[PDB]
Amino acid sequence: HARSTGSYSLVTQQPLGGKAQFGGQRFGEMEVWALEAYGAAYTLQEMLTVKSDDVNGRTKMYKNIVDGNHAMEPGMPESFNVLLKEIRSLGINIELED
Amino acid sequence: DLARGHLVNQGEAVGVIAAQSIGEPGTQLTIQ
Amino acid sequence: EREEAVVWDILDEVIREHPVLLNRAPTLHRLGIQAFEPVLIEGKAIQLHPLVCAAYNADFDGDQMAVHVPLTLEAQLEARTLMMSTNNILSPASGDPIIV
Amino acid sequence: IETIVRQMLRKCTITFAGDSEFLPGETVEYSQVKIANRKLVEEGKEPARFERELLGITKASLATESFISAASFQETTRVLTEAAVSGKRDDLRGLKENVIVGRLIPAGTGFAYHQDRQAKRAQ
Amino acid sequence: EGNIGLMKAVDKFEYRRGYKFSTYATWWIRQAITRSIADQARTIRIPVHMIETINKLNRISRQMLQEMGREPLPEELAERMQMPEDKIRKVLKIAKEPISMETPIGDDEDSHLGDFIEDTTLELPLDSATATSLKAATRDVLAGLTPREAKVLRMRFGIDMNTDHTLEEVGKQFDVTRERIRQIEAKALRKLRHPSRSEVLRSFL
Amino acid sequence: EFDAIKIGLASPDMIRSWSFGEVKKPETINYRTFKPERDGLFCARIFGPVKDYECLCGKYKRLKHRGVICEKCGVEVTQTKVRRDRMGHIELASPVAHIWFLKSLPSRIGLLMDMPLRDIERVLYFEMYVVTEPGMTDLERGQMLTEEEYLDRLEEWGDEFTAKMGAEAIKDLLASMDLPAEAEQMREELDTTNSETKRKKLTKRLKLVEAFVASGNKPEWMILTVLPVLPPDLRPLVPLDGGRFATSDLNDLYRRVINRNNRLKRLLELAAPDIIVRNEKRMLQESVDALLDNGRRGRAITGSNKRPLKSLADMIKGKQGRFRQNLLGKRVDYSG
Amino acid sequence: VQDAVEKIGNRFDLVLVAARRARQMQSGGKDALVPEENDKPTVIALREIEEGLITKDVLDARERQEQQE
Amino acid sequence: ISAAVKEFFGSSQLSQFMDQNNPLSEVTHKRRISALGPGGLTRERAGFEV
DNA sequence: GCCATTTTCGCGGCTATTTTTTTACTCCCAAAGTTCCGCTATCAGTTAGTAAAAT
DNA sequence: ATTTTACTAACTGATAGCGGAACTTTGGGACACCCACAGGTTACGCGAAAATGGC
RNA sequence: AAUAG
Ligand SMILES: [Mg+2]
Ligand SMILES: [Zn+2]
């Protein structure tokens, strides 16, 4: 199996899972630990943001690669926004400070 | 830094390395 | 989609010096992910260097590996400089060679 | 193993309150006490007296400063309830928080980046 | 809901009639409970008349299943209901409750249906790149035209503008002339249709 | 962009500020047109349009009218992704205790009010009265009265004292607390104490009280009056192949809450007997507890599939929760 | 990449400097100071660092010169 | 009654999609005994002795 | 009022690949809001024709 | 003298509005007497911490 | 659930 870009989840906005759905591989916790142990911060940020759930960032990354620029503009993963919304729905004020 | 042979560099996540190093071999574990 | 020959030449030129990340589950330590230079082969199976198998705990009895493509220049240089198999030949747990 | 043991010895119970903002019988982080004691010695005032505590890896993980990492580990309801009643603030200093929020981890290639920010906040 | 019905029954009891309170109150309690079921038992609300139609369809289907020994086909149910078969099929598919997104898929137990639902509203990155390319190509083609014709076409199609414009306000630019604006737009389209300056835009069809 | 994440209690005003409207009906979508119903759990007037730059009317249907609210419908002409961000609110007819600040041991309400959890539940479950304003009477704050005793002392004293029962009583008790005074009292009592058990108790309670004083939170915010409502696109009702619909359990929980709230309002409008009103208040509390954390209070509410409904706590927690399934690890593109 | 880490000292710093140089050769119009030999910008930057032509101070100095001009 | 029998025959844990790679797979599947299922053990809760 | 014993609470590896489920049931009527077909009427676009101009 | 084009008027389609009757939809009512519920469950095990009990 | 590592 191989995938570059395809379908995405409805809520988490992450790639689907499975060869039947043309999904992507799961970069689990232990893979993140391996990347942290190496020190590959930029590879890890690519995996977290522009390959999984940064909706604007992943489109910008595809356009940049098509233009031959190979640069990313990471943003906030959608799963974190979902987490903020559910914690707020539990009647708890969670917010980001500048 | 055991994986590199020289003194450890700044920014090396040594805690993750320590945890992985300890955890990986866990499967092998059971007057003259 | 039509798989023209010029597409294959373009693919060779693309992968000429683009490192690719190989992973095997469970990733018990950081040597479970390493970067390699890809050589295009006819077939459907990934060819793995023997001397790295001990790092991956990988044997050829049905094992499957995942492959990831670093996109940006920083990720490519991290793959070449930190995660490349030639850099990781000592065990971070003990300092002993791992490609024996 | 010494790194893990260091992470096990991270808390202290205050035996003498002194004049620092610490109550007797309070389990607080050792680094905070050390910084406060350095400041008070610079001010020439009575320092706090503490007894260091050894916690298990699970308890030490659950008693970290950041509630994002503690919630991501386990016992999410307890961690979130305690943080909500306390009004805690997470400065995103470790790896897990920056992984969750999509930022560069403060280790390796991202380390310098974070350092630069700590300069700009200082200025 | 039955308690509310009972209060309504107490509000309008008549002891002169000689009947006991249970006789009258049972009707109101039944009505309140059943109306509450009709109004609040479904994620997608079905009106009361359709609820009665569905329930009586179920009763007739159960009696016919007892009668003939196999499931009643829609035409037989339609004949017994004195209703069209199309109405029967309508009632049949609108009488299904929504499925849960936590329901396992297949024989699994750690799988969930919601894990396999796409986001059909998303735009493919190939399409976004094609849109950007079309914008660039249109700008380049317009750059090879007279500024008046380029501006007229831009206003008439809304390119690089918030709104599209009709011939009247395009005439309002310099000379308010619908027949003239129409002619210059036709000229611009004719020049853009020439094969010399249309091979770039032909590839987007 | 941001330098820290701040957590704390949510005030009713904060929950109203988050909200773009009030959910008044348990309706979701029409059964024929499949369009959102007004003032429902999927209202386009509250949460946003269902199509990009359109209204339910179909009158304003382009980018030329961006940001314009249709007078016939009320749907703002904007994008559809706003339905993943816009929240709503429900104005509860009676206050409801928050299950996390009540049953997640140790109980914060009990620790702050220095009353055992069993007594708090007895007041909440409408089994025992509690004195809110003792007045010019021998009665003390927080002392429990049975219905018999409450009637006796109501005849005895009259309107001198106020005694309540339920979450309103706990809210009144929490609102009347003087936090600096309590902090001073615990400090003074800790000065002149010798037993280590009582020392532990007072040090824990003093930590809680001074945390409340420093944080700016108010204790009565642990009792909910306005209930936030999640964006619809995070609890979707989407069509499957063949006309079937897939839904989230949060819709069932929210519908239960809204129905019980509306029934409470209608019972109060009808001036029902107090037993029915107490029953409805118990059911409202149970529904909100099920929505927040299912199974913590008691028997977990189950759906038609005979399995417990998944609540917000289950959304955020566990091995299969958001932290571990989607945040610490992800599915990625450009992989094989 | 032993020569590059010897010339820089830290692998992370080497990665950052090589990324800046590769972005200069790819996104910017800057030309390579060594024979390209049909190599990607990352490998060209690594070779330049190994040869001692590119360092962090050199990059900062050239940026300052560009800003002055 | 029909609901009960279809539940058992289609959605039970012991009603399994038949193994049909070869004749031996079918024979072995029909002669298989599970400790799991309704009224049995659980994978995670089962111990060494069983 | 502290020392021990019983009761909840939370936890129990990672990647893949095969596949939906199933009980339970009044009716009628009057009043109200909505829809669906048909017709009207206006405006804008398109097209055919003819004169005006240019070769 | 002929050919191309610009101007103009007529046709036609889309569309907003309206009529009105059929259609869907909502709320009220029903008078032998009926008067306290489920409702499956569980062969986990371990460690902590929190709540009870003992004198 | 079953299967592979
Ligand atoms: Mg093997
Ligand atoms: Zn509208």
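Reminder, nothing fancy here: chain letters follow the sequence lines and each chain counts from 1. We use all heavy atoms of the structure for the numbers below, so side chains are in, but hydrogens, waters and symmetry mates are not.
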Closest nucleotide of DNA chain J for F/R32 versus for H/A35: which of these residues is on the 5' side?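 By nearest-heavy-atom nucleotide position, the 5'-most residue is F/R32.
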When you match F/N30 and E/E14 each to their closest nucleotide on DNA chain J, which lands nearer the 5' end?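 Upstream on the strand: F/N30.
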Sugar-phosphate means primed atoms, P, OP1 and OP2; the rest is base. With that split, encode [range] 5' to 3' as B, S or - using protein heavy atoms under 4.0 Å.
range	value
nucleotides 47-55 of chain J	--SS-S---
nucleotides 24-30 of chain I	-BBSB--
nucleotides 43-55 of chain I	-SS----------

At less than 4.0 Å, is any side-chain N or O atom of [X] found next to OP1 or OP2 of [N]? Yes or no.
X	N	result
E/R45	J/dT24	no
F/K319	I/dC14	yes
F/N305	I/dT22	yes
E/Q183	J/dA6	yes
F/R324	I/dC14	yes
E/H49	J/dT25	yes
F/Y31	J/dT25	yes

Residue pairs, two or more places apart or on separate chains, that pass side chain to side chain donor-acceptor pair (under 3.5 Å) and touch residues 7-21 of chain E: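 Every candidate side chain to side chain donor-acceptor pair (under 3.5 Å) pair involving residues 7-21 of chain E fails, so no pair, neighbours aside, qualifies.
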Can you list the residues that meet the salt bridge (charged side-chain N to carboxylate O under 4.0 Å, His left out) rule with A/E29, with sequence neighbours excluded?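 With neighbours one apart ignored, the set is F/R324.
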For [X], side-chain hydrogen bond (donor to acceptor under 3.5 Å, both in side chains) partners two or more places apart:
X	result
E/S100	F/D249
H/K6	none
D/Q74	none
F/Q325	none

Nearest to the side chain of [X], heavy atoms from C-beta on, is which of [options]?
X	options	result
E/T23	I/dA16, I/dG12, J/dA32	J/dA32
F/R244	I/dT17, I/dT20, J/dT25	I/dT20
H/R45	J/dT25, J/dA43, J/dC31	J/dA43
F/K103	J/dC31, J/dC33, I/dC9	I/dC9
E/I99	J/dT25, I/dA16, I/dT20	I/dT20
H/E44	I/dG13, J/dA30, I/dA16	I/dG13

Where does the sugar of [N] land, north (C3'-endo side) or south (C2'-endo side), based on the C1'-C2'-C3'-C4' torsion?
N	answer
J/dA14	south
J/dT25	south
I/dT46	south

Using a cut-off of under 3.5 Å, enumerate the N/O to N/O pairs linking the protein to nucleotides 2-5 of chain K.
{"from": "K/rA2", "atom 1": "OP2", "to": "H/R43", "atom 2": "NH1", "distance (Å)": "2.6"}
{"from": "K/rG5", "atom 1": "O3'", "to": "C/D61", "atom 2": "OD1", "distance (Å)": "3.4"}
{"from": "K/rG5", "atom 1": "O3'", "to": "C/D63", "atom 2": "OD1", "distance (Å)": "2.8"}
{"from": "K/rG5", "atom 1": "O2'", "to": "C/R24", "atom 2": "NH2", "distance (Å)": "3.4"}
{"from": "K/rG5", "atom 1": "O2'", "to": "C/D63", "atom 2": "OD1", "distance (Å)": "2.5"}
{"from": "K/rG5", "atom 1": "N2", "to": "C/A25", "atom 2": "O", "distance (Å)": "3.2"}

Pick the [atom1] atom in [N] and in [M], then give their distance to the nearest Å.
N	M	atom1	answer
I/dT15	J/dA43	P	29 Å
J/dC34	I/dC28	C1'	24 Å
I/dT21	J/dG40	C1'	22 Å

Which range-with-range stems can be found for DNA chain I when each stem has 3 or more Watson-Crick or G-U pairs in a row and both distances sit under 3.5 Å?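 Stem segments, range with range: I:1-4 with J:52-55, I:7-12 with J:44-49, I:14-18 with K:1-5, I:26-29 with J:27-30, I:32-55 with J:1-24.
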Show each protein N/O and nucleotides 8-14 of chain J N/O combination with a separation under 3.5 Å, one pair to a line.
none

Between SG of F/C70 and NZ of F/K59, what distance do you get to the nearest 0.5 Å?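 Between F/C70 SG and F/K59 NZ, I get 4.0 Å after rounding to 0.5 Å.
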What heavy-atom pair brings E/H112 and E/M101 nearest, and what distance separates the two atoms?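 The pair with the smallest heavy-atom distance is CB-O, 3.5 Å.
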Counting only heavy atoms from other residues, nucleotides and ligands, does the tally under 6.0 Å from CD of E/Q66 exceed 12?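 No, the 6.0 Å shell around CD holds no more than 12 heavy atoms from other groups.
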Is it the case that over 12 heavy atoms from other parts of the model lie below 6.0 angstrom from the CD atom of F/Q320?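 Yes.
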Pair C/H68-A/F27, ring pair (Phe, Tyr, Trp, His ring centres under 6.0 Å): steps then yes or no: CA-CA 10 Å; C/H68 302 276; A/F27 212 72; 5.2 Å; yes
Donor/acceptor link under 3.5 angstrom from H/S11 side chain onto base of I/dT22: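 By the distance-only test, yes, there is a pair.
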Does the ring of E/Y19 meet both stacking tests against the six-membered base ring of J/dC31: centre distance under 5.5 Å and plane angle under 30°?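 Here E/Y19 fails the 5.5 Å or the 30° condition.
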Mind checking if I/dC25 stacks on I/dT26, six-ring centres under 5.5 Å, planes under 30°?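 Pair I/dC25, I/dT26 comes out not stacked.
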Heavy atoms under 4.0 Å, any strand shown: does F/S195 hit a base, just sugar-phosphate, or nothing?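 Sugar-phosphate, backbone atoms only, no base.
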